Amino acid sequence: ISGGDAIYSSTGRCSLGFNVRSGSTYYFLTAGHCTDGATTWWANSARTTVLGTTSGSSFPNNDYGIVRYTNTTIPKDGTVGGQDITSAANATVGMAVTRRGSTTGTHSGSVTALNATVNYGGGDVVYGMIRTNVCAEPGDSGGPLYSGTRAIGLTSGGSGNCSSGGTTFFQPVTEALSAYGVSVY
């Protein structure tokens, strides 16, 4: 399993962000609005190949979370599409970025704004977001935003779609890495 692939909770589907480590311990990052209501994660829609258990969730205000792997034998790939991901960086306006997710696959664009505040309604406001002209659709949440070998963000939400175009906002990954004391690979 790799960044951008489907992950399933008891209620629905999101996308894996990045695979991460602290020493010999493996985890993955995803969106906080995905981990908020989900303890166990599975790799398959049948909900029989366990991935692991949520260990941290931050949503709203932020939108990031973390799941520790309990499945010792599943492959935990370190690439996104063919791309190695070995470090994290901050977004900058104009940076070229690619997202992968389990609804729409791989789509690219530019960073168009930093530190955006995004109101999802119902009290769920997120701050500090990267805005982009990349499209996304429901189920893509949590998937990686990258640029070359650098992790940049985790898919949060947006408007539009991948048929006619959209605007998608991402949680910067660096804050999740720091919060959880892990490193992307």
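Numbering starts at 1 and follows the sequence shown. Between two forms, the rigid core is the largest collection of C-alphas that superpose within 1.5 Å.
Once the structures in 6 other deposited structures of this protein are superposed via the core, the pair 81 to 89 and 95 to 103 is resolved in favour of 81 to 89 as the more displaced stretch (C-alpha RMS). Comparing 34 to 42 with 130 to 138, the stretch with the higher mean C-alpha B-factor in the PDB entry is 34 to 42. When the mean C-alpha temperature factors of 45 to 53 and 58 to 66 are read from the deposited coordinates, 45 to 53 comes out higher.
Per the deposited record, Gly160 carries the highest C-alpha B-factor of all listed residues (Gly157, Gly123, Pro144, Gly160).
Set against one another, the Cα B-factors of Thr11, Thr168, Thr25, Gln171 in the record reach their highest point at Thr11. For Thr98, the recorded CA temperature factor ranks within the middle third of the chain's modelled residues. Compared with the other modelled residues of the chain, the Cα B-factor recorded for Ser164 ranks in the highest third. In the PDB entry, a CA B factor belonging to the lowest third of its chain's modelled residues is recorded for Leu114. The entry lists a Cα temperature factor for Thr106 that places it in the lowest third of the chain's modelled residues. In the PDB entry, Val184 places in the middle third of its chain by CA B-factor.
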